[PDB]
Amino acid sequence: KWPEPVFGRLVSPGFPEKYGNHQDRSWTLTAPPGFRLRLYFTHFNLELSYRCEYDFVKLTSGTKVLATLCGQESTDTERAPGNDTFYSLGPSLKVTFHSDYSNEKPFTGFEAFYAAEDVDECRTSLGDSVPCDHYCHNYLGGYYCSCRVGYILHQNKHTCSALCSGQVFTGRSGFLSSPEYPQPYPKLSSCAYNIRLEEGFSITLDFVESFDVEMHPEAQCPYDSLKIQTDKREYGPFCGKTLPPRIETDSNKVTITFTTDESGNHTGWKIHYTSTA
């Protein structure tokens, strides 16, 4: 559908000769998705007038008026292109030439050259939001993203969900924490921790260093959910910014599930588990 590259040349009527009066002309340049248009002038010589009302070349991209060019050299109220480069917003750019009823001097019009180039969606905005969560990979006509080690790309193909499940503890004591603790825990992750001991023991849980899981002031914990499910009962969900109290379970088996939503920079939780008999 777009097998050939997009480029070309635009000229005022009669170029390189003098352009006429009462002329109205336009070119609509379109590129494939993922591309934008780059336009520049090899030649520009038009009638100068206030706000370029008489003769002009107008570059519009969508509803935006990218440029209104007149004259030979720019003023405080008029712009001439010179060696400037004009980039379309999106894969289309419209160029309109208009001339009024008269020319005092024999103005020779314009010559411009355009070409489609790739958009780099992985650009470093130095202040704005970036497409993908971890690694951004740009290619001609598109982009895609990937994640660091320990993650898999979410269904939305941008978020990096943590490989947080899979941990099984058979030891008498130990530590388990939210992913990347004490650094902010990842987004859209479903982490399941298992603790399985022999039939004689009971497991004790201690929230130890810092607790900070996203919380709403009215609804309690609709964003990120830390639940503790044993054999006797279940505990939670836990949310907030202070250490939850000690949990003396009467069981030898306990599963801790921790789910996260798509936003937040909360630093998470850490649990030291012990056991007695």
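Sequential numbering from 1, following the sequence displayed.
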Problem set entry | Mean temperature factor over C-alpha atoms, higher-scoring stretch between 191-199 and 86-94 | 191-199
For this session: Using the B-factors recorded in the PDB entry, average over the C-alpha atoms of 203-211 and of 135-143, then report which stretch comes out higher.
Result: 203-211
Exercise. In this PDB entry, which of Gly109, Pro179, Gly171, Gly71 has the top CA B-factor?
Worked result: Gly171
Exercise. Sorting the chain's CA B-factors, does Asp118 end up in the lowest, middle or highest third?
Worked result: lowest
Exercise. Mind checking which third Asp55 falls in for C-alpha B-factor across the chain?
Worked result: lowest
Seminar exercise, completed: Assert third(CA B-factor, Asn156) within chain per record equals highest
For this session: Going by the recorded CA B-factors, say which third of the chain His272 sits in, lowest, middle or highest.
Result: middle
For this session: Select lowest, middle or highest to describe the third in which the CA B-factor of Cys239 falls within its chain in this entry.
Result: highest
